[PDB]
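Taking it in order: structure first as structure tokens, then the write-up.
By written order: A, B, C and D. Residues from 1 in each chain.
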């Protein structure tokens, strides 16, 4: 069979295929309370009906002021557990595994009131200057990721992913372009990584399941982070028990990025090879042929699909056809698939 | 602008495009109570997110023993109103109009216990022989369609379609092959049409909105009904205020049917021309080009899509692309569509 | 088997499928002598390798001043026979049948010097006013079509098509908008049809094989010709022994034409039904599904494909795949098809 | 613009895009004299009309007994020059550059009479045992490649490619599995490479244009050649002035090969990186997205397309559409592309 449709086991979780619905913000929590809405349910569950092996729920803030927008999903409150519990139950009932992306927007939070970051440096010209987190505020945030993970476990998620990419809080700490701290959380690569190190260790105190970490493998900026730096971080994450690194890139600051089909795959293959860590490839992957090639040539272990799943919720079926192979259809659509 | 994406107003309902999700049974009411489940919600709402102009909910039984299977949706009880109320609200919120198909499986009901029909004639050698409805029972069934329509109105549906096709109860009364009654509901075309006539008149006492009727325009059998018969019924339906005839075919009895792309279009075109009645074309229509041709050549007014919407929930986008035109995308997917 | 890939026999010619490469001018006779060039050979033969059932060569002038442009193909001289003989042999060798479209551009000829027409009326404000053909000149032109047909037979063509459409010479005689003659070739429909009648009768004196006539089934203009007129001409053509009417439309004069997929199909269906004449459907037919529908619903006998064959020379294979059926591939490409 | 459609210059040859028609035997020289036929002309020229940047003509034997089959093209005689001269002229006239693959089947020659190889070892159970080439016979063959190159230059080819792959003669000398010689052409890697070294040096005495070499980057067999060996050969070829290595694989002997989209790309990228040599990627590349990714991620410099160009001669257009970009169409098809 095609590798794209061959199961893979990570910890005590077996995925029926290697297609992953990349986390994508829907800005649909209209009550601004971080809760799920009917749209979210239809949005996610339809891709489970569509046979996506693993569905990763969009960035969910671990702190209200850590949201990107006031319409973001949240997991900073026990009040969020009930809705997520229904979502995981329904997604899994359709045959897919489900994960959640724990996040904090840091200096990129588009909210009124003080926003936070490792250093008081604004994202750009049109952004507010963030407040430099006190050492204790940083430690409180670590606890919030821990608390959020505990809620995710209770809600029934199969996988937890830490959002350490796209110029958000953790990414801000990792990069010297945004982290000018002179305390235990700044300076050396080890210190810049400390925030993430503590988040991983604390999350593991309440979560023993598959743990993913999404990173921006490059800042595409002089004096910023590059793949070499991330290969280093990957080795440390492996030692800590991280199961897979979801390889994205950019967004820490404005930069020129050459975008094209599979433009971030090199990051996934280099980390996989040099850090001996399973990786997720993402970035303009839109057809089954590319997906199969990435897996067969050992460039990544899972294929994250974003925008193509917005155009085609049933990408799994489309990819199967493109690869001239057969996959099980949801029972209700046996007469059409 | 392409005709497929041109609005049409029926009564007080304006459809934003001519794409209709054909009613398709999902056999997913696992509690065997005819109620909706999370699967149904995601299944239908996803096509609304997908911009389908009109979504018609699958055959919903007006009487429990009128179900095709014990996992069919139902609308025989006021308890069914709550679920449907949530569904219509959520579908309309995405920007689509919604309808429901009122039905009764007649002799094709796959349930334990007596099943009913106009005459005690089994569908085939593998089916149970139905019980001939008493005149009283027939009139009670008319009232159940009326009562069901009332529930549909309360639930917020935009359109109601009467299922008078696919060999089910109403179709059984219409055809001489299945109706050998010696009372007012059998014999001449007037008598054979009487059941449907009374259903339409009664439904109109509680529902003044768009009213569709799906028929099997031919039995493809000697001594059975053919397009000439249905043109006759269509003229009577027009006088009664039916707004559109959804043109399907067959299934009253086993028959040899030449299936091919647009194989039922001739029925929609003839009824449209000869009965001066708006029609819905359905049957192996899988792309925007065929849909546009059918509309532009005046063969039908609405394009019903069945299986292609099971393969591609976002057929509307796919069709827009095939026709080299643009249509509004759901706000949440503007970065992908 | 799909009707699109079902054989059909016209006279003594059996076509292996119903796909026809519509005649399309290539304006590539760079020596301005109407002779074939390597481009023409590869252009046509590639579609034969592509399994097209019948390839009709572009408009070939029966008189040099009857060319549309000075780079048109010609068949006004015996010197044109050698090239055509090689082309028909090579096309047939690949397994396809081949035809040629005999033509005369009339007032739409874009050449230096006097151009001719039934009446001195220019095509539009940008065109030169043609010279009214003397009765002698008209009869000489009839002989040139006859002589051209003789050359086509000698060159080995399987089918000959008379170009009586797109506002060219013959079409000009047929329509009241362009024909104001006061002799035997103008006035009543009998007189306006006379030019074509004589061409058909004379051609038949030297050619007994399949004979096609392409017409513009409507002028889309007040006081111009419409489908009713062409149904009348079609009945006369049937009596004369014409085997099939290739149904196109317009171009006699500028007009508002609603173009859409299958916009000329109604013409092919009406002529087929009312004149009991085999017809070729053409006009925005781009996929196997539409082609199959047209054939199965009895709207035409052959499917003429134009621009789609310019985008996809191997449309036959593409259509077979779309129809989920199999067709023989050229032996040399068995490892790819 | 897309890299796939950006020109690239090699020596004094500029390709308009980076799509290459991979050499593919057509077994169509029916007279068994190695000459071109009308089919060959239509076959190749149609892809030039189709905008393929570089068309590489199928394996052409440098010696009659070096043909794979008696229906192969040849270039062992001056009698072959005339036909090739017409072919290059016509392909270039349509806008493409053209190359020819100089070949010798060695022990895989399916011809009657003695066949040759470095050692008397048969390809398999159903193959004849080849005659071990005397040192002089090897030197004569080197001269034949030289002579063939001289003919190719006279015929007007833009590129010459040496076929050192697919288990044929040169490949046989390169691999220790098939080369057991104990003279100057066997033993060490240097000696096994000597035959190719001499062919390259001699060809360069009569040809100063772009020179490609196709290799089988792996024998997929224990004790056979692997990518490490070919990276070594690549460095030697670079020193000799070879411009690009066309990276295929296998066929020396029967072996288990895992085939999938882009299954030979790793060979192209490793040789490109470690030998600092331009490379051509080939092997189940069927869409523009994969092609663009290969080029943008620096895995190869040219994209060789084989079977997809047999299914779609106009792959260039299809790929352009897939990449949402525009490319010039042949003037004759401007109204369709």
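Just so it is clear, a residue touches a chain if its C-beta (ideal position, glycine included) is under 8 Å from a C-beta of that chain, and two chains touch if they have at least 3 such contacts.
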Remotest chain, subunit C as reference, centres from CA atoms: A
Chain centre separation (subunit C, subunit D; CA means) in Å: 43
Distance between chain centroids, defined by C-alpha means - subunit B, subunit D (Å): 60
Residues within subunit D bordering two or more other chains: none
Touch-based graph of the chains, sorted into line, ring, star, complete or other: ring
Contacting chain pairs - touch in the sense defined above: A-B, A-D, B-C, C-D
Residues of subunit D defined as touching subunit C within the complex: 26-28, 38-39, 41-43, 45-46, 48-49, 86, 90, 93-94, 306-308, 310-314, 317, 332-333, 335-337
Residues of subunit A that touch subunit D when the two form their complex: 2-3, 258, 260-263, 265-266, 286-287, 289-290, 292-293, 296-297
